[PDB]
*Asks:* 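Sending over a structure as structure tokens; questions will come in a sec.
Basis for what follows: all heavy atoms, side chains included, without hydrogens, waters or symmetry-related copies. Order of the sequence lines fixes the chain letters, A, B, ..., with proteins taken first and strands second; residue numbering starts at 1 for each chain.
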Amino acid sequence: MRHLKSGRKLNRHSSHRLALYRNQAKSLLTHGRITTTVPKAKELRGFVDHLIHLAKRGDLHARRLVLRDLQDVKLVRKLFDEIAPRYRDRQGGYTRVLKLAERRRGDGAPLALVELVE
Amino acid sequence: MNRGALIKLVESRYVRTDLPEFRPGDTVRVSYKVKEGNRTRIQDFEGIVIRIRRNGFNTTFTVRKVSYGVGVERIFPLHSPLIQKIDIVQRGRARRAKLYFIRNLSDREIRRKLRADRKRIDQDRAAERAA
Amino acid sequence: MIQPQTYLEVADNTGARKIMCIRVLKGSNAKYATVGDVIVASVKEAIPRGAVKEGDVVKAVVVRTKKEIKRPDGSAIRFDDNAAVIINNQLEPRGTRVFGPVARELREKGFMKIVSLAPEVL
Amino acid sequence: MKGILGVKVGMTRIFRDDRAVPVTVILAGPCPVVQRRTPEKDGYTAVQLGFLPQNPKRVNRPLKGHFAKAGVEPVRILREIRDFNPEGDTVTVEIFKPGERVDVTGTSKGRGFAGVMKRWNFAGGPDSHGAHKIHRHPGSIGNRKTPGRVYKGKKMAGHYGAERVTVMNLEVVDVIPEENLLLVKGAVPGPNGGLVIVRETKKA
Amino acid sequence: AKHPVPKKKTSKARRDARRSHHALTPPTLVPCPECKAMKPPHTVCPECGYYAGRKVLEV
RNA sequence: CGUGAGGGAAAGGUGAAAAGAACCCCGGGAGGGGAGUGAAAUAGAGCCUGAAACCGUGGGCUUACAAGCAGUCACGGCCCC
RNA sequence: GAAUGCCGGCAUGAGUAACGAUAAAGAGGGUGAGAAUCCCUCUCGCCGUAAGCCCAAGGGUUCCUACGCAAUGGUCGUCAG
RNA sequence: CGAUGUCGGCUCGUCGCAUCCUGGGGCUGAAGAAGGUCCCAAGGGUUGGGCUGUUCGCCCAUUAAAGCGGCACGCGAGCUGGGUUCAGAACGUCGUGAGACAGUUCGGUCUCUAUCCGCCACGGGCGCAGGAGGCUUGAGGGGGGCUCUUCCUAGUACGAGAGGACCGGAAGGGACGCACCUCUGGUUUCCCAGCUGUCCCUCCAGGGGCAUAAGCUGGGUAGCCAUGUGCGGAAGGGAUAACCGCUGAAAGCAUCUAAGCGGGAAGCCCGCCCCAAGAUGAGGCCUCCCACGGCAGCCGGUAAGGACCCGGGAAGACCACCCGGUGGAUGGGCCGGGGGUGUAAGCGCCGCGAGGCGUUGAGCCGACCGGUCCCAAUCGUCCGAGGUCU
Ligand SMILES: [Mg+2]
Ligand SMILES: [Mg+2]
Ligand SMILES: [Mg+2]
Ligand SMILES: [Mg+2]
Ligand SMILES: [Mg+2]
Ligand SMILES: [Mg+2]
Ligand SMILES: [Mg+2]
Ligand SMILES: [Mg+2]
Ligand SMILES: [Mg+2]
Ligand SMILES: [Mg+2]
Ligand SMILES: [Mg+2]
Ligand SMILES: [Mg+2]
Ligand SMILES: [Mg+2]
Ligand SMILES: [Mg+2]
Ligand SMILES: [Mg+2]
Ligand SMILES: [Mg+2]
Ligand SMILES: [Mg+2]
Ligand SMILES: [Mg+2]
Ligand SMILES: [Mg+2]
Ligand SMILES: [Mg+2]
Ligand SMILES: [Mg+2]
Ligand SMILES: [Mg+2]
Ligand SMILES: [Mg+2]
Ligand SMILES: [Mg+2]
Ligand SMILES: [Mg+2]
Ligand SMILES: [Mg+2]
Ligand SMILES: [Mg+2]
Ligand SMILES: [Mg+2]
Ligand SMILES: [Mg+2]
Ligand SMILES: [Mg+2]
Ligand SMILES: [Mg+2]
Ligand SMILES: [Mg+2]
Ligand SMILES: [Mg+2]
Ligand SMILES: [Mg+2]
Ligand SMILES: [Mg+2]
Ligand SMILES: [Mg+2]
Ligand SMILES: [Mg+2]
Ligand SMILES: [Mg+2]
Ligand SMILES: [Mg+2]
Ligand SMILES: [Mg+2]
Ligand SMILES: [Mg+2]
Ligand SMILES: [Mg+2]
Ligand SMILES: [Mg+2]
Ligand SMILES: [Mg+2]
Ligand SMILES: [Mg+2]
Ligand SMILES: [Mg+2]
Ligand SMILES: [Mg+2]
Ligand SMILES: [Mg+2]
Ligand SMILES: [Mg+2]
Ligand SMILES: [Mg+2]
Ligand SMILES: [Mg+2]
Ligand SMILES: [Mg+2]
Ligand SMILES: [Mg+2]
Ligand SMILES: [Mg+2]
Ligand SMILES: [Mg+2]
Ligand SMILES: [Mg+2]
Ligand SMILES: [Mg+2]
Ligand SMILES: [Mg+2]
Ligand SMILES: [Mg+2]
Ligand SMILES: [Mg+2]
Ligand SMILES: [Mg+2]
Ligand SMILES: [Mg+2]
Ligand SMILES: [Mg+2]
Ligand SMILES: [Mg+2]
Ligand SMILES: [Mg+2]
Ligand SMILES: [Mg+2]
Ligand SMILES: [Mg+2]
Ligand SMILES: [Mg+2]
Ligand SMILES: [Mg+2]
Ligand SMILES: [Mg+2]
Ligand SMILES: [Mg+2]
Ligand SMILES: [Mg+2]
Ligand SMILES: [Mg+2]
Ligand SMILES: [Mg+2]
Ligand SMILES: [Mg+2]
Ligand SMILES: [Mg+2]
Ligand SMILES: [Mg+2]
Ligand SMILES: [Mg+2]
Ligand SMILES: [Mg+2]
Ligand SMILES: [Mg+2]
Ligand SMILES: [Mg+2]
Ligand SMILES: [Mg+2]
Ligand SMILES: [Mg+2]
Ligand SMILES: [Mg+2]
Ligand SMILES: [Mg+2]
Ligand SMILES: [Mg+2]
Ligand SMILES: [Mg+2]
Ligand SMILES: [Mg+2]
Ligand SMILES: [Mg+2]
Ligand SMILES: [Mg+2]
Ligand SMILES: [Mg+2]
Ligand SMILES: [Mg+2]
Ligand SMILES: [Mg+2]
Ligand SMILES: [Mg+2]
Ligand SMILES: [Mg+2]
Ligand SMILES: [Mg+2]
Ligand SMILES: [Mg+2]
Ligand SMILES: [Mg+2]
Ligand SMILES: [Mg+2]
Ligand SMILES: [Mg+2]
Ligand SMILES: [Mg+2]
Ligand SMILES: [Mg+2]
Ligand SMILES: [Mg+2]
Ligand SMILES: [Mg+2]
Ligand SMILES: [Mg+2]
Ligand SMILES: [Mg+2]
Ligand SMILES: [Mg+2]
Ligand SMILES: [Mg+2]
Ligand SMILES: [Mg+2]
Ligand SMILES: [Mg+2]
Ligand SMILES: [Mg+2]
Ligand SMILES: [Mg+2]
Ligand SMILES: [Mg+2]
Ligand SMILES: [Mg+2]
Ligand SMILES: [Mg+2]
Ligand SMILES: [Mg+2]
Ligand SMILES: [Mg+2]
Ligand SMILES: [Mg+2]
Ligand SMILES: [Mg+2]
Ligand SMILES: [Mg+2]
Ligand SMILES: [Mg+2]
Ligand SMILES: [Mg+2]
Ligand SMILES: [Mg+2]
Ligand SMILES: [Mg+2]
Ligand SMILES: [Mg+2]
Ligand SMILES: [Mg+2]
Ligand SMILES: [Mg+2]
Ligand SMILES: [Mg+2]
Ligand SMILES: [Mg+2]
Ligand SMILES: [Mg+2]
Ligand SMILES: [Mg+2]
Ligand SMILES: [Mg+2]
Ligand SMILES: [Mg+2]
Ligand SMILES: [Mg+2]
Ligand SMILES: [Mg+2]
Ligand SMILES: [Mg+2]
Ligand SMILES: [Mg+2]
Ligand SMILES: [Mg+2]
Ligand SMILES: [Mg+2]
Ligand SMILES: [Mg+2]
Ligand SMILES: [Mg+2]
Ligand SMILES: [Mg+2]
Ligand SMILES: [Mg+2]
Ligand SMILES: [Mg+2]
Ligand SMILES: [Mg+2]
Ligand SMILES: [Mg+2]
Ligand SMILES: [Mg+2]
Ligand SMILES: [Mg+2]
Ligand SMILES: [Mg+2]
Ligand SMILES: [Mg+2]
Ligand SMILES: [Mg+2]
Ligand SMILES: [Mg+2]
Ligand SMILES: [Mg+2]
Ligand SMILES: [Mg+2]
Ligand SMILES: [Mg+2]
Ligand SMILES: [Mg+2]
Ligand SMILES: [Mg+2]
Ligand SMILES: [Mg+2]
Ligand SMILES: [Mg+2]
Ligand SMILES: [Mg+2]
Ligand SMILES: [Mg+2]
Ligand SMILES: [Mg+2]
Ligand SMILES: [Mg+2]
Ligand SMILES: [Mg+2]
Ligand SMILES: [Mg+2]
Ligand SMILES: [Mg+2]
Ligand SMILES: [Mg+2]
Ligand SMILES: [Mg+2]
Ligand SMILES: [Mg+2]
Ligand SMILES: [Mg+2]
Ligand SMILES: [Mg+2]
Ligand SMILES: [Mg+2]
Ligand SMILES: [Mg+2]
Ligand SMILES: [Mg+2]
Ligand SMILES: [Mg+2]
Ligand SMILES: [Mg+2]
Ligand SMILES: [Mg+2]
Ligand SMILES: [Mg+2]
Ligand SMILES: [Mg+2]
Ligand SMILES: [Mg+2]
Ligand SMILES: [Mg+2]
Ligand SMILES: [Mg+2]
Ligand SMILES: [Mg+2]
Ligand SMILES: [Mg+2]
Ligand SMILES: [Mg+2]
Ligand SMILES: [Mg+2]
Ligand SMILES: [Mg+2]
Ligand SMILES: [Mg+2]
Ligand SMILES: [Mg+2]
Ligand SMILES: [Mg+2]
Ligand SMILES: [Mg+2]
Ligand SMILES: [Mg+2]
Ligand SMILES: [Mg+2]
Ligand SMILES: [Mg+2]
Ligand SMILES: [Mg+2]
Ligand SMILES: [Mg+2]
Ligand SMILES: [Mg+2]
Ligand SMILES: [Mg+2]
Ligand SMILES: [Mg+2]
Ligand SMILES: [Mg+2]
Ligand SMILES: [Mg+2]
Ligand SMILES: [Mg+2]
Ligand SMILES: [Mg+2]
Ligand SMILES: [Mg+2]
Ligand SMILES: [Mg+2]
Ligand SMILES: [Mg+2]
Ligand SMILES: [Mg+2]
Ligand SMILES: [Mg+2]
Ligand SMILES: [Mg+2]
Ligand SMILES: [Mg+2]
Ligand SMILES: [Mg+2]
Ligand SMILES: [Mg+2]
Ligand SMILES: [Mg+2]
Ligand SMILES: [Mg+2]
Ligand SMILES: [Mg+2]
Ligand SMILES: [Mg+2]
Ligand SMILES: [Mg+2]
Ligand SMILES: [Mg+2]
Ligand SMILES: [Mg+2]
Ligand SMILES: [Mg+2]
Ligand SMILES: [Mg+2]
Ligand SMILES: [Mg+2]
Ligand SMILES: [Mg+2]
Ligand SMILES: [Mg+2]
Ligand SMILES: [Mg+2]
Ligand SMILES: [Mg+2]
Ligand SMILES: [Mg+2]
Ligand SMILES: [Mg+2]
Ligand SMILES: [Mg+2]
Ligand SMILES: [Mg+2]
Ligand SMILES: [Mg+2]
Ligand SMILES: [Mg+2]
Ligand SMILES: [Zn+2]
């Protein structure tokens, strides 16, 4: 039973799954758009959206919280100066997932794009 | 529908607001209504509250004391109609929500670990200076 | 919540100090004894020259338990030890005084003398 | 017989005569009568109750004609109560009064594929003393050459729950008609949000 | 365990009967409203990169 | 294969003649389709003949209330000559 | 037609068990007919009395570079002992 | 004997009845209470320990009772391996010896993959003469079925006393079963905090990795749970068993019986709960579609509807089931509430300092109860009646 349990496992233990989310965030925040598997894409939304929201608050505390997951000061600086202000009036929904047509050849994995919204 | 609001609505007839706010580490005297034959009296249970277990109307709290060489703990529904009143006997300051660790401490070690909460003692003195 | 092998303190002055439940006297096959229930027990430790001695097979009533006791008012009570008072086949105490608090459930179960001999009834 | 359809909302407890009383709260009515079963027409007696209004843009045409013949707005759920002919065109919580006893039928929570220890309270095997990969296993399932088969109804692992269960003789603790609310003392099958049926008890 | 083993060779009939549920079902494909190419529903078109009526992707 | 003494296989055939398929077409190639050679190309080199088990595509009859060493005797239905 | 016969071929089990340490992955860029698997960058993890370095046995070109992917590689392969 | 694994235990049952208990009876050397003995009765129940490999048995403490047997001394492709039952070793004993002993003693490899039948679950197909969406009847199955104490009647009947009822009535239990999570108590792999060592970011401060597949520790929501909570065994009706009768001949009397009628068990049928029309004997009711083109047949487009695809779900291995798909609150985000943790960072102030106080129940913050179209269920496709005959 899994009744009302939230959050995928992605066949990873605690620290690997957390490092997976942190690494995908750095990649998405760096390039604006990435391609992953659909399951990874869907779980990445909530993770990044939270970091973007804290960037919108903008205070020192928020920056130190975000840094726990992103670590790269120049990247948090990009998040606060460039990324977050284009979401000033947007309340949630800072990322989007769109499914791709062709599967990955070596294992059939369905793929999806994740990107930051305009 | 809002199932949570309906539950809160069923509980509304039974919520009370006359009782004083307290924290784990405070010393409390619970005046509790008790049957014994062929009458019902009020018995006071006084001790350190070591746990407030919150769930709205279903919040409960646990009070520990030593009676005649034996430790005793009582769990009380915070909205029980059988509670006449609760008196704050002392404000203690703890560093954590659950004080189970005092079940293993000598009385001296407890007095050291749960020192008087000056900030909230003054708060009780300032208030209660009512008009 | 007492069963065979469980050790209990002796909350009286019979001379016994530790008893070991060997039976819950509650029917054909009760699994546990709580406050107010009677047990058969072996005396595992006694002070010199008491009414009961080590090796005696005695009856006792459980007067307080470490497993918290639930009550119809929604409250509960829990003691630091598992304690019993040694009784005769008439449910009367074999000592002349009982030590520590005792559960109020005892009164309702017909152990009136033990309830009165106690210093506190919770 | 008298019954009503409902939704299980959640559990709490009330205080009554200085006793804590565990209750399950049910949002029961109101239930329009959508069809009556008669001995002349259908060979038996029962009332088809309706419950919870529905978006008509979701109700297909044969269902719409069934409501229209009853003069009833589109409802999410149709269920029959056997041997019940209510006088009005709408059944509400007021058919029950405090102190009455009821039977409640729900769809129990679903364990999915359940082992023999969860499903049937089998004892399993030792966890040490050489026990070898059989800690939760059923043990023997039979005999030998006679009868050389396994009984029908043998207790084995498999799907468990998400089935109709009726708990009987539950005390109605309160009725709150303003909110179509029924308070039943005790536990009722299924999850919060689940459809339940509340009937007058068959225990005398 | 004691190494269970098939008792009899499976007949051609029983082998192929077991396989009566093995046929593939064809892929679900809709026309892309922009370039008319056949493509899975709810995917960005792989022929023109449109989805929800706008260009999402270089192809 | 065995440290070693020693053990110890499988594996033949295009066609009369290479005339062994230029060139074009799909394909990354493999493979094929045309062209062409030949009396013959299911003699095209994974090559004489090419059985059987075994696998497949097409067609005729038949089969989802039925008890079977699978056949045999009878009758009836359908298909074919 | 049988010798748990001999040699060979091909079935069944079956799209089943398994794919060889639970140190662990993610993304971007490139190459290419083809990329989870090759190259490059960033992030993550693991060893560090070793899972790093040198030497002797044994092995015998496996070394370096170019070209290549039928087979070998437990998948893939543009990579490679 | 080209192998039918062999004791005991554990697990899982099921059956017989020569019945251990519970229910119903006759006789009694049955006053009562308690027994004895036989009859009916297999529905349910039949405890936990000490010893020994033990079966059995004895013992301890209980119990309504601690029943006896069958199922390859039920069950090793289910487990165990103490015993027995190879190779080692020793004792007693026997034998000159090698060695020998249902004598003893210590040790001693128990095999990942289920094809068919069978069993537990779950689908796919076709059928149920038109095709569909609902709601149902219940043939037939299954589940369950236990029992104790105290009290009232009444210290009455009975008995010299001790003791002590029937019948009827009330309360409280034990074990078992089903469901549940309000309470009590667990878990809660990252929800919060504290801590050590090391390496790193960025020097301070603040943080991150690793120390487990949580480094350790104190806590802990939802869920899943028992130790926790609710509820069940019935009642009631019908027919019976042993047994007891009414009326009553054969047989002037007598006889429960030959005609006929009554009473009478935890047992039998029904009643309760669950499955159930593949019940091919394929049931019933409500509602929806329609007689479309071309040659009990076919071909294609439609109809009511349905499937696909997608967002999901206390539903779930896949499948299925259920909800939703912009005419939308389905998941994700964001907002509020709950809940947990327990006073963040930064700054000010006190201290030489570790620290302390204030800002501050602060900061962080999974799942729970809701709100909100910010993100995503875009756009679509394919099936699908024309109703045989008497
Ligand atoms: Mg489940
Ligand atoms: Mg699990
Ligand atoms: Mg969810
Ligand atoms: Mg999940
Ligand atoms: Mg997580
Ligand atoms: Mg995992
Ligand atoms: Mg995996
Ligand atoms: Mg992995
Ligand atoms: Mg890790
Ligand atoms: Mg770790
Ligand atoms: Mg999914
Ligand atoms: Mg998409
Ligand atoms: Mg796809
Ligand atoms: Mg590949
Ligand atoms: Mg609630
Ligand atoms: Mg409301
Ligand atoms: Mg007192
Ligand atoms: Mg105290
Ligand atoms: Mg009061
Ligand atoms: Mg002694
Ligand atoms: Mg004491
Ligand atoms: Mg239901
Ligand atoms: Mg199991
Ligand atoms: Mg269990
Ligand atoms: Mg169960
Ligand atoms: Mg067990
Ligand atoms: Mg166990
Ligand atoms: Mg064991
Ligand atoms: Mg073993
Ligand atoms: Mg083993
Ligand atoms: Mg094990
Ligand atoms: Mg087993
Ligand atoms: Mg048989
Ligand atoms: Mg199911
Ligand atoms: Mg009330
Ligand atoms: Mg629920
Ligand atoms: Mg095994
Ligand atoms: Mg085995
Ligand atoms: Mg096996
Ligand atoms: Mg094994
Ligand atoms: Mg095997
Ligand atoms: Mg076999
Ligand atoms: Mg075939
Ligand atoms: Mg088959
Ligand atoms: Mg192109
Ligand atoms: Mg050799
Ligand atoms: Mg050699
Ligand atoms: Mg040789
Ligand atoms: Mg040769
Ligand atoms: Mg030649
Ligand atoms: Mg030749
Ligand atoms: Mg060419
Ligand atoms: Mg080419
Ligand atoms: Mg080409
Ligand atoms: Mg070629
Ligand atoms: Mg070709
Ligand atoms: Mg060619
Ligand atoms: Mg020619
Ligand atoms: Mg010729
Ligand atoms: Mg030929
Ligand atoms: Mg030829
Ligand atoms: Mg020749
Ligand atoms: Mg040939
Ligand atoms: Mg050939
Ligand atoms: Mg052939
Ligand atoms: Mg074949
Ligand atoms: Mg064919
Ligand atoms: Mg039939
Ligand atoms: Mg037929
Ligand atoms: Mg025949
Ligand atoms: Mg004939
Ligand atoms: Mg022969
Ligand atoms: Mg052979
Ligand atoms: Mg053979
Ligand atoms: Mg052979
Ligand atoms: Mg042969
Ligand atoms: Mg051979
Ligand atoms: Mg062979
Ligand atoms: Mg094969
Ligand atoms: Mg083979
Ligand atoms: Mg498969
Ligand atoms: Mg298999
Ligand atoms: Mg498998
Ligand atoms: Mg292997
Ligand atoms: Mg596998
Ligand atoms: Mg392996
Ligand atoms: Mg591996
Ligand atoms: Mg790349
Ligand atoms: Mg690339
Ligand atoms: Mg690759
Ligand atoms: Mg490739
Ligand atoms: Mg590389
Ligand atoms: Mg390391
Ligand atoms: Mg070192
Ligand atoms: Mg050399
Ligand atoms: Mg070599
Ligand atoms: Mg070199
Ligand atoms: Mg080389
Ligand atoms: Mg090299
Ligand atoms: Mg190269
Ligand atoms: Mg290759
Ligand atoms: Mg290759
Ligand atoms: Mg290749
Ligand atoms: Mg080559
Ligand atoms: Mg290979
Ligand atoms: Mg390969
Ligand atoms: Mg390999
Ligand atoms: Mg290449
Ligand atoms: Mg290589
Ligand atoms: Mg033999
Ligand atoms: Mg053999
Ligand atoms: Mg044989
Ligand atoms: Mg054999
Ligand atoms: Mg038996
Ligand atoms: Mg008998
Ligand atoms: Mg008996
Ligand atoms: Mg009797
Ligand atoms: Mg008598
Ligand atoms: Mg007598
Ligand atoms: Mg008798
Ligand atoms: Mg008799
Ligand atoms: Mg008799
Ligand atoms: Mg019986
Ligand atoms: Mg039976
Ligand atoms: Mg029996
Ligand atoms: Mg015993
Ligand atoms: Mg022992
Ligand atoms: Mg011992
Ligand atoms: Mg034993
Ligand atoms: Mg024994
Ligand atoms: Mg013996
Ligand atoms: Mg003896
Ligand atoms: Mg007794
Ligand atoms: Mg008895
Ligand atoms: Mg037997
Ligand atoms: Mg045998
Ligand atoms: Mg025998
Ligand atoms: Mg024998
Ligand atoms: Mg046996
Ligand atoms: Mg036996
Ligand atoms: Mg056996
Ligand atoms: Mg075995
Ligand atoms: Mg055995
Ligand atoms: Mg066996
Ligand atoms: Mg076997
Ligand atoms: Mg077996
Ligand atoms: Mg066998
Ligand atoms: Mg042994
Ligand atoms: Mg031994
Ligand atoms: Mg022995
Ligand atoms: Mg031996
Ligand atoms: Mg041997
Ligand atoms: Mg030996
Ligand atoms: Mg010896
Ligand atoms: Mg000797
Ligand atoms: Mg001898
Ligand atoms: Mg001898
Ligand atoms: Mg001699
Ligand atoms: Mg001698
Ligand atoms: Mg011999
Ligand atoms: Mg011997
Ligand atoms: Mg022997
Ligand atoms: Mg022997
Ligand atoms: Mg010996
Ligand atoms: Mg040893
Ligand atoms: Mg031995
Ligand atoms: Mg084997
Ligand atoms: Mg397998
Ligand atoms: Mg099978
Ligand atoms: Mg078979
Ligand atoms: Mg079906
Ligand atoms: Mg189907
Ligand atoms: Mg009917
Ligand atoms: Mg029936
Ligand atoms: Mg049948
Ligand atoms: Mg039945
Ligand atoms: Mg009396
Ligand atoms: Mg008298
Ligand atoms: Mg009576
Ligand atoms: Mg009872
Ligand atoms: Mg809760
Ligand atoms: Mg809880
Ligand atoms: Mg709670
Ligand atoms: Mg708790
Ligand atoms: Mg975290
Ligand atoms: Mg650190
Ligand atoms: Mg440093
Ligand atoms: Mg640096
Ligand atoms: Mg620092
Ligand atoms: Mg590191
Ligand atoms: Mg690690
Ligand atoms: Mg950590
Ligand atoms: Mg520590
Ligand atoms: Mg805890
Ligand atoms: Mg923890
Ligand atoms: Mg929790
Ligand atoms: Mg329990
Ligand atoms: Mg009768
Ligand atoms: Mg006569
Ligand atoms: Mg007469
Ligand atoms: Mg008669
Ligand atoms: Mg009668
Ligand atoms: Mg009669
Ligand atoms: Mg009578
Ligand atoms: Mg009866
Ligand atoms: Mg009964
Ligand atoms: Mg049904
Ligand atoms: Mg039907
Ligand atoms: Mg039906
Ligand atoms: Mg039939
Ligand atoms: Mg029908
Ligand atoms: Mg349509
Ligand atoms: Mg799903
Ligand atoms: Mg699938
Ligand atoms: Mg539906
Ligand atoms: Mg739908
Ligand atoms: Mg749509
Ligand atoms: Mg629309
Ligand atoms: Mg939503
Ligand atoms: Mg939402
Ligand atoms: Mg929230
Ligand atoms: Mg809050
Ligand atoms: Mg709070
Ligand atoms: Mg502070
Ligand atoms: Mg601060
Ligand atoms: Mg200073
Ligand atoms: Mg200050
Ligand atoms: Mg909040
Ligand atoms: Mg959140
Ligand atoms: Mg939108
Ligand atoms: Mg709206
Ligand atoms: Mg389209
Ligand atoms: Zn397109």
*Asks:* On the side chain of E/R14, is there an atom forming a donor-acceptor pair with the base of H/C116 - under 3.5 Å, no angle test?
*Replies:* no
*Asks:* Would you kindly check whether a donor in the side chain of C/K70 faces an acceptor in the base of H/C183, or vice versa, at under 3.5 angstrom?
*Replies:* yes
*Asks:* When you measure only distances, ignoring hydrogens and angles, does the side chain of A/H61 come within 3.5 Å of the base of H/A344 through a donor and an acceptor?
*Replies:* yes
*Asks:* Would you say H/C231 has OP1 or OP2 under 4.0 Å from some side-chain N or O of D/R101?
*Replies:* yes
*Asks:* Between D/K202 and H/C273, is there a side-chain N or O to OP1/OP2 distance below 4.0 Å?
*Replies:* yes
*Asks:* Give a yes/no answer on whether the side chain of D/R82 brings an N or O atom under 4.0 Å of OP1 or OP2 in H/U137.
*Replies:* yes
*Asks:* Write down the partner of G/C63 under the Watson-Crick or G-U wobble criteria, each distance required to be under 3.5 Å.
*Replies:* none
*Asks:* Between the base of H/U111 and the side chain of E/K2, is there a donor-acceptor distance below 3.5 Å?
*Replies:* no
*Asks:* Does H/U287 have OP1 or OP2 under 4.0 Å away from a side-chain N or O of D/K69?
*Replies:* yes
*Asks:* Would C/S75 and B/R74 count as having a side-chain donor-acceptor pair, cut-off 3.5 Å?
*Replies:* yes
*Asks:* For a quick check, tell me whether the side chain of A/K74 and the base of H/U202 share a donor-acceptor pair closer than 3.5 Å.
*Replies:* no
*Asks:* Tell me whether the side-chain N/O atoms of D/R76 come closer than 4.0 Å to OP1 or OP2 in H/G324.
*Replies:* yes
*Asks:* Would the distance check show the side chain of A/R17 and the main-chain N or O of A/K9 forming a donor-acceptor pair, the cut-off being under 3.5 Å?
*Replies:* yes
*Asks:* Can you see if the side chain of E/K12 gets near the phosphate of G/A11 - specifically, an N or O under 4.0 Å from OP1 or OP2?
*Replies:* no
*Asks:* Could you tell me whether the phosphate oxygens of F/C55, OP1 or OP2, come under 4.0 Å of any side-chain nitrogen or oxygen in E/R15?
*Replies:* yes
*Asks:* Centre-to-centre under 6.0 Å for B/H79 and B/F57, is that the case here?
*Replies:* yes
*Asks:* Side-chain N or O of D/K64 versus OP1/OP2 of H/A304: is the shortest distance under 4.0 Å?
*Replies:* no
*Asks:* Among A/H53, A/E118, A/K56, find the one that has a side chain to side chain contact (heavy atoms under 4.5 Å, CB included) with A/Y87.
*Replies:* A/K56
*Asks:* Any N or O donor-acceptor pair under 3.5 Å from the base of G/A11 to the side chain of E/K9?
*Replies:* yes
*Asks:* According to a 3.5 Å cut-off on both distances, are H/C151 and H/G48 Watson-Crick or G-U wobble paired?
*Replies:* no
*Asks:* Look at the side chain of D/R164 and the base of H/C274, then say whether one donor and one acceptor between them are separated by less than 3.5 Å.
*Replies:* no
*Asks:* Please state how far atom CG in C/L25 lies from atom P in H/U150, giving the value in whole angstrom units.
*Replies:* 14 Å
*Asks:* Centres under 5.5 Å and planes under 30° for the six-membered rings of F/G68 and F/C69?
*Replies:* no
*Asks:* Counting only side-chain N and O atoms of B/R51, is one of them less than 4.0 Å from OP1 or OP2 of H/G185?
*Replies:* yes
*Asks:* State whether H/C126 pairs with H/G230, counting either Watson-Crick geometry (purine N1 to pyrimidine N3 plus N6-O4 or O6-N4) or a G-U wobble (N1-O2 and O6-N3), each distance below 3.5 Å.
*Replies:* no
*Asks:* Please state whether the phosphate of H/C224, meaning OP1 or OP2, lies under 4.0 angstrom from any side-chain nitrogen or oxygen of A/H3.
*Replies:* yes
*Asks:* Evaluate the stacking of H/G108 against H/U109, requiring that the six-membered ring centres lie under 5.5 Å apart and that the ring planes differ by under 30 degrees.
*Replies:* no
*Asks:* B/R96 side chain N/O closer than 4.0 Å to the phosphate oxygens (OP1, OP2) of H/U343?
*Replies:* no
*Asks:* Does a distance-only test, which skips hydrogens and angles, find a donor-acceptor pair under 3.5 Å between the side chain of C/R71 and the base of H/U184?
*Replies:* no
*Asks:* Do E/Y51 and the base of H/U378 stack face to face, with centres under 5.5 Å apart and an angle between planes under 30°?
*Replies:* yes
*Asks:* If you go through the side-chain atoms of C/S28, does one of them form a donor-acceptor pair with the base of H/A66 closer than 3.5 Å?
*Replies:* yes
*Asks:* Using a 3.5 Å limit on both distances, is H/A307 in a Watson-Crick or G-U wobble pair with H/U381?
*Replies:* yes
*Asks:* Verify the contact: side-chain N or O of A/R12 to OP1 or OP2 of G/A24, cut-off strictly under 4.0 Å; return yes or no.
*Replies:* no
*Asks:* Donor-acceptor pair, D/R82 side chain versus D/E80 backbone, under 3.5 Å?
*Replies:* no
*Asks:* Does the side chain of E/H21 get closer than 4.0 angstrom to OP1 or OP2 of H/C318 through an N or O atom?
*Replies:* no
*Asks:* At under 4.0 Å between heavy atoms, what does B/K8 touch on the DNA or RNA strands: base, sugar-phosphate, or nothing?
*Replies:* nothing
*Asks:* Does H/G366 stack on H/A367, meaning their six-ring centres are under 5.5 Å apart and the planes differ by under 30°?
*Replies:* yes
*Asks:* Is A/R2 near enough to H/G313 that one of its side-chain N or O atoms lies under 4.0 angstrom from OP1 or OP2?
*Replies:* no
